[PDB]
Structure formats: C-alpha cells, structure tokens
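This report concerns only the one structure given below.
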Protein chains: 2
Amino acid sequence: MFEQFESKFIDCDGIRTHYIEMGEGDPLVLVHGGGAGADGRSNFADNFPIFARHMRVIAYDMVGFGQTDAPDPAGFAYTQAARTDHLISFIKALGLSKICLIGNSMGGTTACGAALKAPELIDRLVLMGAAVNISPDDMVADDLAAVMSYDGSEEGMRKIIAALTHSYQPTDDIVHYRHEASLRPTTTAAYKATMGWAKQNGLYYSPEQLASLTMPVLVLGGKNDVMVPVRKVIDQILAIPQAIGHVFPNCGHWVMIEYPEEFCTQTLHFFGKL
Amino acid sequence: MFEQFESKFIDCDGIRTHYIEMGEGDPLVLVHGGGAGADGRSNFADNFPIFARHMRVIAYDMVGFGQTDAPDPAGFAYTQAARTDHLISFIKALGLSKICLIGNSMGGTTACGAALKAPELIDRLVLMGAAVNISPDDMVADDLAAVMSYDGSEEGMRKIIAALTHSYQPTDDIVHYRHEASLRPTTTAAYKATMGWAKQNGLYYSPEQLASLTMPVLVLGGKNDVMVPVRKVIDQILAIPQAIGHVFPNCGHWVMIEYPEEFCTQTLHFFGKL
C-alpha cells in the first residue's frame, strides 16, 4: 500500500531515516503520532495531494517507527530528546530552512521540541492534538482501553481506530496496513521502550517553555479527542501567547485524517498559501 | 461619515429599523455590539466590501441603537427579549430565510436568542466575543474602567477603543464618529436602560439552551478580550456540541475590526463561500 509515494532514505546522524515527499516550493514537514505502527504515510497520505499543490510536503518516520532505523533498545534510550534531536537532524540533512512544521500527538511533542531547541529551522508551527502538556498522571487517566490493552488482532485495531476517531470508518486496506504495521518485529521493542518512557516521564514542556516559542503557532484539536483531551488543547492555546487556536467539533484524535480538507485549509491558510 | 452605504429603513412590528446592505446572493446579517453609540456601520463598515463579493450583507441597528427607533424607556422595557424579538422581526420583514448570522458581544446575545427562538430563519450562526454566558456577577468583574466610567469626552472614547482592542489605532474620523454617536440624546436614555437591564439580569443562556442550538455554529473570540474573557468564549465552544471554535491571538473585543480579513475569511469559509 501507499506505492504512489517514492520511499526515500537519508542518514540522520547515524539513523537511516525513511521519508516520502511530493510537490515543490516552500518546505512543509509532517510529524506522525506515537501509536503502535504509526508512520508518515498512514498518518498523512490523504493530505499529501492537497499540500503538494502549494508546497514541498515531507513526511518522515520518527526514530523507532516505520521504516526508519530503530536502534535496539538494549543499547538506545527512547527518550523525547532522541525524537527531538532526530527531527532536527532530519531537517538539517535535507538542507531545509525556515520550514512549516506539523506534529500530531507525540509528533506534536517532537515538533514542539525542535521548535524550542532549533527555532532557526522553523518559521511556522502547528501543534495538533499535541502531547506537550501531558504529565505521567495524565498518561494513566478508560477512554483508552482499546489502545492500552490492544491484543494485536485486526478486530483490536478496528477498536483502536474507532476509539481514536469520532465517526471515521477506515477502509479494509487501511485496517490491514495499520494492523500489520503494529506487529513489525523491527519496531515492536522500540515502541515498547517509547511507550514505557512516555508513561514514566510524561510528554510535556513547562508553561514557561511553551510561552518561550519564538515563531507563529497554530494549535489544533478535536473536541472529542480522548487521547489528548480538548481541555489540554485549550491549555496549549492559552499557554502560548501568539498561538491561534482552532477546535474541531465531532472530531477525535486524528484531525488530519477525520477532516482532511478542513485540516489542509486551516494549515495552508496559516502558512500563507491561501 | 459612512455615506458609501445607502441608509435604508423598514418597519419591524412598530419599530422603524435602520439598516445598510451591499452585494447579492445568500443573505448575511450582522449584529453590532452593546457599547455606547454602537451601530451597524461603526461595527462592520470595514467588512462590508469583502462580504459583498460573496453574499448580500446586511447590518441593522438594534432597538435603542443607531438610527433605529429608540422607544422612550419611560414606556419601553429594554430587555434581551426585546432585542431578540426585534431581530426576528427584522429578518421576517425583509423576507429573508435560512440566513447566515453574526453577532458581536450583545449582538451575539441577540443572534443567539434569535437562533434559539426562530431557528427556521437561520442556517449558520457565528458568536463572536458573544455575551451568552455572562452572569450579573460577571458584569461587575477594573479591566473595564475606561468603559464603566466613560466621561463623554473624546479622550475618554480613545480610552475605550484602546481598552477594547489589542493594538488597533482608530482614525480621527472613527474616533469622532464613535464619540458623537455615544452622545446622541435619542439613544442616551435607551442605552442607560439597556445597560441597567444587562447589569442586573446578565446576558446569558443556560448550558442546556446553548446545547439546544439546531444549526451549525462558529464561536470566535480574541485571546486578549477584556469584556468577554477568552475563558467565557472557550466555555461557549465546549457548551455547544457542534460549535467550531477559533481563538485569535493579540486580539481584543472587536475581532471584525482588529483582524477584518481573517474575520471575513473564517466566517465566509464557514458559510461555504471559500
């Protein structure tokens, strides 16, 4: 599946990194979520054609995900820092400057991290259902039953999608892809270290860090998002003084997938392409 | 000032009602705020040309305001009901159906009221810095010093504008118009009854009423709005299940005036014209 996109690879400080890209002009980088078997194409395929009409749109796989190198967690620590540094490394390796950047969920954590550490690389930031103010306590706070206790079955995967979206009905090919993606032995162990770390340390930046962002910011969230509650998204809107806020009704944790055109419209508009 | 618009008048159940309009196609009605000397043109003049490219855009003066009949408050009660019924009367008198509707502040109270009482008249609702969950206690809750204790001077009017917006610098002709508008003997007494009533009764609808809205809703607010705090706007977003929410940064109580293009863009888009 997804063979309409050419798989590309580039070394990012020792981490061979998978990415796909389409279109020309100003660079736009898309950062996927932290779910089991999540990757660039499964998160963003649907948005690629609209984005590519206006920009050079790029989606990569975070370290420990997709077809990017997943260094053995016997020797590699899957911290937020590692994802953040990898993103920074990825941007520099492709020689992009002043990019537009969109992260969903843990991809939002990573985008936010790169925006803080390397602001010179990023002109515009979009935090979408972003895990940027999520404490350890928050990580274990019922709505996530289908996620937390996923049994690796196809039915279980359909239950995840159903729990993470409002009314979105995936195709069988999407279900099959996500299901198989979640079982890849390569990224299994990496994912368990990733989630173990996130549960223990949380995925957050201090209120002061969030107020210290130096570029324009757009904050997006679904009102019915059970993984990053809308109140957390509201908190981000209020914590980042310059942040534009947009709340999507009848919408879960995957704004880009659940409302692909509205997502592309709001972001492209914020990028100055509409 | 504002002579580019033709002043029109229509009887609305005994209330001679001033309105201006421009453009053709689907109807859009704009409801002004509750400030001293507020009216259709001073609130919306700047948005008229953009709106008129796409729709028939209409701004009227609420009962007790502008050039509309202000029945003597010795014999007329200036309740919210009266403004709500007047709006309903206005829509019916022009023979409009399935309109798009935008209210700012007390105009938002009125738009919300008409949407609840006569939903058949309204296809799309925009509540903008809308006073729809404001209790009596909230009405007296420092940031409003320039408003609350306006002395009727030109300097006082500049202080109001400065307190109600983030960085907006009005022209001298705008200052002069608003200043004189606030002193009209005709609408003086009507305004005092209007404000007296609002302070005593609040400007609100119950959480259940807000959840009972039957058409699509867009909720807009400035993050720096001191008259309708952004948290009140956030509360509206969460109280109305179908409501889209959009928060404007570096923005006070007059979104339509402070960011006229972004305001027109978001609303027209929500109206399906972009």
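Chain identifiers are assigned as A, B, and so on, following the order in which chains appear in the structure tokens; residues are numbered from 1 within each chain, and ligands are numbered from 1 in order of appearance.
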
Distance-based interface of chain A with chain B, 7 Å, counting only C-alpha atoms, as a list in words: residues 241, 242, 243, 244, 245, 246, 247, 248, 249 and 250 of chain A

All residues 6 Å or closer to segment 48-64 of chain A, only C-alpha atoms, same chain fewer than 4 positions away omitted, as a PyMOL selection string: chain A and resi 18-30+39-40+68+70+187+190

Written file, previous selection with N, CA, C and O atoms, as a tab-separated table (two decimals), in the first residue's frame:
chain	number	residue	atom	x	y	z
A	18	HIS	N	13.59	7.05	6.95
A	18	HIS	CA	12.64	6.94	5.84
A	18	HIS	C	11.79	8.20	5.72
A	18	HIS	O	11.32	8.74	6.73
A	19	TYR	N	11.61	8.68	4.50
A	19	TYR	CA	10.67	9.78	4.25
A	19	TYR	C	10.06	9.69	2.87
A	19	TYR	O	10.65	9.09	1.96
A	20	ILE	N	8.87	10.27	2.73
A	20	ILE	CA	8.25	10.46	1.41
A	20	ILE	C	8.00	11.95	1.22
A	20	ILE	O	7.85	12.69	2.19
A	21	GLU	N	7.98	12.39	-0.03
A	21	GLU	CA	7.75	13.80	-0.34
A	21	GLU	C	7.07	13.98	-1.69
A	21	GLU	O	7.19	13.13	-2.58
A	22	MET	N	6.39	15.11	-1.84
A	22	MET	CA	5.62	15.41	-3.05
A	22	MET	C	5.51	16.93	-3.16
A	22	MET	O	5.56	17.63	-2.14
A	23	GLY	N	5.39	17.43	-4.38
A	23	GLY	CA	5.25	18.88	-4.63
A	23	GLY	C	6.55	19.66	-4.65
A	23	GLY	O	7.63	19.10	-4.45
A	24	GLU	N	6.45	20.97	-4.88
A	24	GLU	CA	7.62	21.85	-4.93
A	24	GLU	C	7.33	23.17	-4.21
A	24	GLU	O	6.19	23.47	-3.88
A	25	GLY	N	8.37	23.97	-3.97
A	25	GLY	CA	8.21	25.26	-3.30
A	25	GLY	C	8.68	25.18	-1.86
A	25	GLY	O	9.56	24.40	-1.55
A	26	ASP	N	8.08	25.99	-0.99
A	26	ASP	CA	8.46	26.05	0.42
A	26	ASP	C	8.28	24.70	1.13
A	26	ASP	O	7.29	24.00	0.88
A	27	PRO	N	9.22	24.34	2.02
A	27	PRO	CA	9.13	23.03	2.69
A	27	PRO	C	8.09	22.96	3.82
A	27	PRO	O	7.94	23.90	4.61
A	28	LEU	N	7.37	21.84	3.86
A	28	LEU	CA	6.44	21.52	4.92
A	28	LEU	C	6.76	20.12	5.41
A	28	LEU	O	6.77	19.18	4.61
A	29	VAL	N	7.04	19.99	6.70
A	29	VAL	CA	7.38	18.70	7.28
A	29	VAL	C	6.24	18.26	8.20
A	29	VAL	O	5.71	19.06	8.98
A	30	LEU	N	5.85	16.99	8.08
A	30	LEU	CA	4.74	16.45	8.84
A	30	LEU	C	5.27	15.37	9.75
A	30	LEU	O	6.00	14.49	9.30
A	39	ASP	N	3.22	5.81	11.31
A	39	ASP	CA	4.28	6.27	10.41
A	39	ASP	C	3.80	7.46	9.56
A	39	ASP	O	2.63	7.86	9.65
A	40	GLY	N	4.69	8.01	8.75
A	40	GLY	CA	4.37	9.19	7.92
A	40	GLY	C	3.19	8.99	6.98
A	40	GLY	O	2.23	9.77	7.00
A	68	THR	N	12.22	3.81	9.40
A	68	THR	CA	13.42	4.45	9.90
A	68	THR	C	14.14	3.43	10.78
A	68	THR	O	13.49	2.51	11.29
A	70	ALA	N	15.44	1.61	13.77
A	70	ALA	CA	15.01	1.51	15.16
A	70	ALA	C	16.14	0.85	15.95
A	70	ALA	O	16.15	-0.38	16.10
A	187	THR	N	10.13	-2.78	14.91
A	187	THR	CA	9.70	-1.60	15.66
A	187	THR	C	8.86	-1.91	16.91
A	187	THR	O	8.43	-1.01	17.60
A	190	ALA	N	11.25	-1.22	20.05
A	190	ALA	CA	11.44	0.23	20.04
A	190	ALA	C	10.20	0.97	20.55
A	190	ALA	O	10.30	1.96	21.29

Exercise: residue 201 of chain A partners within 10 Å, only C-alpha atoms, chain neighbours under 3 positions left out, as a ChimeraX atom specification: /A:79-80,134-137,139,195-198,204

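Relative to atom CA of residue 114 of chain B, atom CA of residue 88 of chain B is found at 5.9 Å.
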
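What separates atom CA of residue 15 of chain B from atom CA of residue 78 of chain B is a distance of 13.1 Å.
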
Picked from segment 10-210 of chain A by DSSP as strand (DSSP E or B), as an NGL selection string: :A and (10-12 or 15-22 or 27-31 or 56-60 or 99-104 or 122-128 or 133-134 or 203-204)

Would you mind listing, for every residue of segment 61-173 of chain A within 9 Å of segment 252-261 of chain A, the two atoms forming the shortest contact and the distance between them in Å to one decimal, using only C-alpha atoms, sorted by chain and ascending residue number, as CSV?
residue,atom,partner,partner_atom,distance
A:104,CA,A:254,CA,7.7
A:105,CA,A:253,CA,8.1
A:128,CA,A:255,CA,7.6
A:129,CA,A:253,CA,6.2
A:163,CA,A:252,CA,8.1
A:164,CA,A:253,CA,5.3
A:165,CA,A:252,CA,4.1
A:166,CA,A:252,CA,5.0
A:167,CA,A:258,CA,8.0
A:168,CA,A:258,CA,6.0

Would you write out those residues with N, CA, C and O atoms, as a compact mmCIF listing (two decimals), in the first residue's frame?
# COMPACT_ATOMS: atom_id res chain seq x y z
N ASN A 104 1.38 15.71 14.93
CA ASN A 104 0.27 15.13 15.66
C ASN A 104 0.72 14.36 16.89
O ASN A 104 1.64 13.55 16.80
N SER A 105 0.05 14.59 18.02
CA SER A 105 0.28 13.80 19.25
C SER A 105 1.76 13.81 19.68
O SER A 105 2.32 14.88 19.92
N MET A 128 -0.97 19.75 16.83
CA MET A 128 -2.26 19.16 16.54
C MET A 128 -2.49 17.98 17.46
O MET A 128 -1.72 17.02 17.45
N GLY A 129 -3.56 18.03 18.25
CA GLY A 129 -3.76 17.06 19.34
C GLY A 129 -2.43 16.72 19.99
O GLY A 129 -2.14 15.56 20.25
N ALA A 163 -11.92 4.16 18.64
CA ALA A 163 -11.77 4.89 19.90
C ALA A 163 -11.06 6.22 19.68
O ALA A 163 -11.26 7.17 20.44
N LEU A 164 -10.22 6.28 18.66
CA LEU A 164 -9.39 7.46 18.42
C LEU A 164 -9.99 8.47 17.45
O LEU A 164 -9.46 9.56 17.28
N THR A 165 -11.11 8.10 16.83
CA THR A 165 -11.81 8.98 15.90
C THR A 165 -13.29 9.06 16.28
O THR A 165 -13.78 8.22 17.04
N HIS A 166 -14.00 10.05 15.74
CA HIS A 166 -15.40 10.28 16.06
C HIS A 166 -16.38 9.43 15.23
O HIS A 166 -17.24 8.76 15.79
N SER A 167 -16.28 9.50 13.91
CA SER A 167 -17.17 8.71 13.05
C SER A 167 -16.45 8.10 11.85
O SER A 167 -17.06 7.44 11.02
N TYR A 168 -15.14 8.32 11.79
CA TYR A 168 -14.32 7.85 10.69
C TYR A 168 -14.38 6.33 10.54
O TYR A 168 -14.18 5.59 11.51

Neighbour list for segment 10-12 of chain A as JSON, numbers by chain, cut-off 8 Å, only C-alpha atoms, skip fewer than 5 positions in-chain: {"A": [17, 18, 86, 89, 90, 93, 94]}

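One distance worth recording is that between atom CA of residue 107 of chain A and atom CA of residue 145 of chain A, which is 21.7 Å.
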
Residues of segment 101-255 of chain B in helix (DSSP H, G or I), written as JSON, numbers by chain: {"B": [106, 107, 108, 109, 110, 111, 112, 113, 114, 115, 116, 117, 119, 120, 121, 136, 137, 138, 139, 145, 146, 147, 148, 154, 155, 156, 157, 158, 159, 160, 161, 162, 163, 164, 172, 173, 174, 175, 176, 177, 178, 179, 180, 181, 185, 186, 187, 188, 189, 190, 191, 192, 193, 194, 195, 196, 197, 198, 199, 200, 201, 207, 208, 209, 210, 211, 230, 231, 232, 233, 234, 235, 236, 237, 238, 239, 255]}

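Among the candidates B:239, B:193, B:226, B:36, the residue lying nearest to residue 73 of chain B is B:193 (atoms considered: only C-alpha atoms).
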
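Using only C-alpha atoms, the residues found no farther than 12 Å from residue 175 of chain B, other than those of its own chain fewer than 4 positions away, are residues 1, 37, 42, 153, 154, 155, 156, 157, 158, 159, 160, 161, 162, 168, 169, 170, 171, 179, 180, 181 and 182 of chain B.
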
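In terms of minimum interatomic distance to residue 120 of chain A, A:98 ranks closest within A:98, A:75, A:188, A:209, counting only C-alpha atoms.
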